[PDB]
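There are 6 protein chains.
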Amino acid sequence: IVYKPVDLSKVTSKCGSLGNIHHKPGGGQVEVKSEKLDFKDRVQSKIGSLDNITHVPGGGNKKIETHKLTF
Amino acid sequence: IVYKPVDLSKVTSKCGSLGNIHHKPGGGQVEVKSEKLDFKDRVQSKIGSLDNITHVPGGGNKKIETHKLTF
Amino acid sequence: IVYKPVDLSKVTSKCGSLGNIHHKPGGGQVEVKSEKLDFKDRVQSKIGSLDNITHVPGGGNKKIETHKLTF
Amino acid sequence: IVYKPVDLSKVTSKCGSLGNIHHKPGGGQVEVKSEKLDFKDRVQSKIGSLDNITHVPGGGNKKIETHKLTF
Amino acid sequence: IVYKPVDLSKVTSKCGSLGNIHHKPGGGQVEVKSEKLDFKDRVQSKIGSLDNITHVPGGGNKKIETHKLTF
Amino acid sequence: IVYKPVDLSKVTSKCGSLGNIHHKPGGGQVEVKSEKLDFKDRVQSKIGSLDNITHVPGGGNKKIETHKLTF
Numbered sequence: 625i626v627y628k629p630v631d632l633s634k635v636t637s638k639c640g641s642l643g644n645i646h647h648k649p650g651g652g653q654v655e656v657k658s659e660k661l662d663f664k665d666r667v668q669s670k671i672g673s674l675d676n677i678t679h680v681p682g683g684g685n686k687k688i689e690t691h692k693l694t695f
Numbered sequence: 625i626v627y628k629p630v631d632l633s634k635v636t637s638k639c640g641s642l643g644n645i646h647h648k649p650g651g652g653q654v655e656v657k658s659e660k661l662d663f664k665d666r667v668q669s670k671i672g673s674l675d676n677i678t679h680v681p682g683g684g685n686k687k688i689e690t691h692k693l694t695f
Numbered sequence: 625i626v627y628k629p630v631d632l633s634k635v636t637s638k639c640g641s642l643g644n645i646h647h648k649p650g651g652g653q654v655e656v657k658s659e660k661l662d663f664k665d666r667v668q669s670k671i672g673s674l675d676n677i678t679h680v681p682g683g684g685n686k687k688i689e690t691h692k693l694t695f
Numbered sequence: 625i626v627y628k629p630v631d632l633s634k635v636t637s638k639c640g641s642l643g644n645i646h647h648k649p650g651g652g653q654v655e656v657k658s659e660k661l662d663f664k665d666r667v668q669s670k671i672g673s674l675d676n677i678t679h680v681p682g683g684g685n686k687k688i689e690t691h692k693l694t695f
Numbered sequence: 625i626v627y628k629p630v631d632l633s634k635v636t637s638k639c640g641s642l643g644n645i646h647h648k649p650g651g652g653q654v655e656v657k658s659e660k661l662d663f664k665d666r667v668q669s670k671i672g673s674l675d676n677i678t679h680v681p682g683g684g685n686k687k688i689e690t691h692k693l694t695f
Numbered sequence: 625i626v627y628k629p630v631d632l633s634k635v636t637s638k639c640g641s642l643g644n645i646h647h648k649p650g651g652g653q654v655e656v657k658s659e660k661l662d663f664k665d666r667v668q669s670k671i672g673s674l675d676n677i678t679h680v681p682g683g684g685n686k687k688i689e690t691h692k693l694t695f
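Residue numbers (UniProt numbering), protein chains in the order written: chain A, 625 to 695; chain B, 625 to 695; chain C, 625 to 695; chain D, 625 to 695; chain E, 625 to 695; chain F, 625 to 695.
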């Protein structure tokens with residue numbers, strides 16, 4: 625005759641760099657000489673003293689719920 | 625005649641670098657020479673003193689629930 | 625005639641570097657020569673002094689629940 | 625007192641599809657259904673009945689020669 | 625006192641599909657279904673009935689020669 | 625007092641499918657199902673009825689020669 629589903633729950637996802645301290649995380653010196661090169665097809669290149677990434681394609685949630693009462 | 629499902633639960637994910645201290649994580653010096661090279665096909669390259677990554681394609685949750693009452 | 629499912633649960637996942645202290649983790653000096661090379665073939669290359677990764681494609685949870693009452 | 629280098633040589637490269645006959649090289653039927661996809665990072669896709677390629681990043685020549693006469 | 629180097633030589637490379645007959649090389653029927661997929665990172669895909677490649681990053685020649693006459 | 629180096633040589637390379645007859649090499653019928661997949665990681669996929677490749681990163685020659693006459 626009576627029902628009362630009580631949901632007080634918590635769903636949580638904490639993803640990537642969080643709550644951190646980085647103190648003096650210095651990238652060093654970088655040098656890239658290059659002489660008499662040929663590249664007769666596609667190239668991609670990346671050069672850097674410091675790189676720092678949080679990517680996080682994940683971290684997703686789904687909460688799914690159902691009720692019925694039937695005579 | 626009566627029911628009261630109570631959910632007080634917690635669902636939690638904590639993913640990638642978190643709560644950390646990184647103190648003076650210095651990248652060292654890097655040097656690249658390169659002479660008279662032929663590349664005749666697809667290339668990719670990456671040169672750097674310090675790199676820091678958190679990736680996290682994961683860390684996800686799913687919470688699924690159902691009730692029924694039938695006469 | 626009466627029922628009261630009580631769920632007080634915690635579902636927890638903690639993944640990748642966490643709560644750590646990294647103190648002076650300095651990378652080495654790096655030097656790369658290269659002369660008269662042919663790459664008639666696909667290349668991918670990576671050069672660097674210090675490289676810190678937390679990957680985590682995992683770390684996920686799922687929590688599935690059901691009740692029924694039938695006369 | 626006298627010299628006469630005679631070079632009547634031939635340097636030849638023949639590279640990729642050449643002198644061939646292709647008779648009725650039919651691509652077949654292709655079908656690509658797709659439903660309720662998510663792509664939450666970079667994609668590249670290729671679909672086709674027939675694909676025919678000559679790539680040839682190579683096939684090159686070099687001819688190097690030197691003389692001297694000295695008292 | 626006298627010299628006459630004679631080079632009548634031939635240097636030859638013949639690379640990839642050549643002089644061939646391909647008669648009725650028909651690709652067959654292809655079907656792809658795909659339902660409810662998640663991709664959460666880099667993807668690539670290639671679908672096709674008939675594919676025909678000649679690549680040849682090689683096939684190259686080099687011919688190198690030298691003379692000297694010294695008193 | 626006199627010399628006459630005579631080179632009548634042939635340097636020859638023949639690489640990949642050549643002089644062949646391929647008669648009715650028909651690709652078979654292909655069908656792909658896929659349901660409810662997760663890809664939380666790097667994918668590369670390839671689907672096809674008939675695929676024909678000649679690759680040849682090699683097949684190259686080098687011919688090196690020298691003379692000298694000295695009093």
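We treat Cβ as the ideally placed atom computed from N, Cα and C, and that holds for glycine.
Leaving out five residues before and five after residue i in sequence, what residues of the same chain have Cβ atoms less than 7 Å from its Cβ?
i, result
"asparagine 685(C)", "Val635, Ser637"
"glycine 652(C)", "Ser673"
Taking residue i as the query, report the chain F residues whose CB atoms sit under 8 Å from its CB, ordered along the chain.
i, result
"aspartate 665(C)", "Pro681"
To which residues of the same chain is residue i closer than 8 Å at the C-beta, ignoring the five residues directly before and after it?
i, result
"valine 654(E)", "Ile671, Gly672, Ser673"
"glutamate 689(F)", "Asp631"
"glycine 650(E)", "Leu674"
"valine 656(F)", "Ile671"
"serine 633(F)", "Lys687"
Can you check whether the CB of residue j is closer than 8 Å to the CB of residue i?
i, j, result
"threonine 678(B)", "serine 641(B)", "yes"
"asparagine 644(E)", "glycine 643(F)", "yes"
"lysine 648(C)", "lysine 648(B)", "yes"
"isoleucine 625(B)", "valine 680(C)", "no"
"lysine 628(D)", "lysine 628(E)", "yes"
Tell me which residues share the same chain as residue i and place their Cβ nearer than 6 Å to its Cβ, disregarding the 5 neighbours each side in the sequence.
i, result
"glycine 683(A)", "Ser637, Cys639"
"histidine 646(D)", "none"
Cβ pair count under 8 Å reaching 3, the region 661–674 of chain C against the region 658–666 of chain E: No, they do not touch.
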